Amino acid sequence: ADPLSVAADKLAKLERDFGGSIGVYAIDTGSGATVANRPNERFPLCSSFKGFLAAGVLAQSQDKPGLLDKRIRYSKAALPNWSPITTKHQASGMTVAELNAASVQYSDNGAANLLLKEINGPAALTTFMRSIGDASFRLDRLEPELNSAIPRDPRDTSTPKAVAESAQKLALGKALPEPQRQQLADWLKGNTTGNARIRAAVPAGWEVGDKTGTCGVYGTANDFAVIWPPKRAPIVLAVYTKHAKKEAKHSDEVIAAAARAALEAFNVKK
């Protein structure tokens, strides 16, 4: 059987059992081969946007040396839900680098909102993504309002294909200068929240830079990753889910299984 037909069939079963939709886009950067499921359908970003926020901040650092070292002082009282790191460090403030580590690696909402303020807001992050050729990404709101994940609503969405293609440009390619690319990769590689998602489908011990999102409603959650094998070229993978029912929980298992199906089409098995 064609591996792409097997992958499609496995993804369709995952969708039937989950009761919602699974968007996938994978790129094997060795051969250029791809795997796609609902590649151009919109899915809520949830907190996965924070990986792209980090890239946008790094791009701003190109013109202002010292940006990553700049210490931000912020309100404790105004921190949004799920701000564990920014809460802990508020008395000292946090540097822009520390805020990105917290945003990317713990999904700290207060950190992401402070970084959005630093780069001039959701529209400015959207302009940055447009500037690298990503016509799909849009960020409209702050954390946590961006997680509403209402079916069909265009706000705070992208497509699996655009997420994967932009992750390739930014973490592997030339959209950032090499020192900034390396910093973005290092932040993603140190994520702590992804171990039950794409990483659960990747052979043990391979480096994986990823950013998760968990909207908390409408069965909507996701992960995107750059995988660096020791013996083959990197692989980029975006896995996004959504469901029509507001009360549906997300499923880490569905995300990991969809990742396994895509990676199997590239002859990667954990």
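Just count from 1 along the sequence shown to find any residue number.
Here the stretch with the larger average CA B-factor, out of 184 to 192 and 70 to 78, is 70 to 78.
Between the stretches 98 to 106 and 171 to 179, it is 171 to 179 that shows the larger average CA temperature factor.
Residues shown: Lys161, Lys88, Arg155, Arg152. Highest C-alpha temperature factor in the entry: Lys88.
Across the options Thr34, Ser61, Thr220, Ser47, the residue with the most elevated CA B-factor in the record is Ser61.
Ranked within its chain, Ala123 lands in the highest third, by CA B factor from the PDB record.
Sort the modelled residues of the chain by CA B factor and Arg38 lands in the middle third. The deposited CA B-factor of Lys117 belongs to the highest third of values across its chain.
When all modelled residues of the chain are sorted by CA temperature factor, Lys231 is found within the highest third. Among the modelled residues of its chain, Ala248 has a C-alpha B-factor that falls in the highest third according to the deposited record.
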